[PDB]
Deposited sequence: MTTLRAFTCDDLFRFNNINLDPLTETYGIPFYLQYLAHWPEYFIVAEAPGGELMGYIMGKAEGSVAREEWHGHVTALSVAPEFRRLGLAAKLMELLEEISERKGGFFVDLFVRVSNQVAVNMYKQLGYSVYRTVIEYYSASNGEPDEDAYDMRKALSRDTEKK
């Protein structure tokens, strides 16, 4: 597995990662904003021959001097033929390290409470649970799914 930075022209290649019922595509302005502002929290993993294994977006937007400078996790996916390898643990570890090096208090996360896989992954990595946003995920006719806001405090620093 090759852990590199998610360069554009890889947006034309995550079609084994983003063709899941739980992963979204977010449009091009979203990806370009997260590549321009925060290119550190945008790791991607690439198999031996091509085959994007799975990326992790992410941002760090808060306000220091109020204990709210947190490192978000605005996406996470692994290709369904590359799962159970320890890849998502690796990417989340990299995001925690990156958001700790720049002096962050806690890592945030929004996991829709329908899938027990992701929730039992974050409860095992160390993530506690914070408030449950009601009707968070908008749609896409289908119902709206409440979202656990998970928070993991790490190495308290301004």
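Comparing the deposited sequence with the modelled residues shows gaps at 1, 142, 161-163, with numbering starting at 1.
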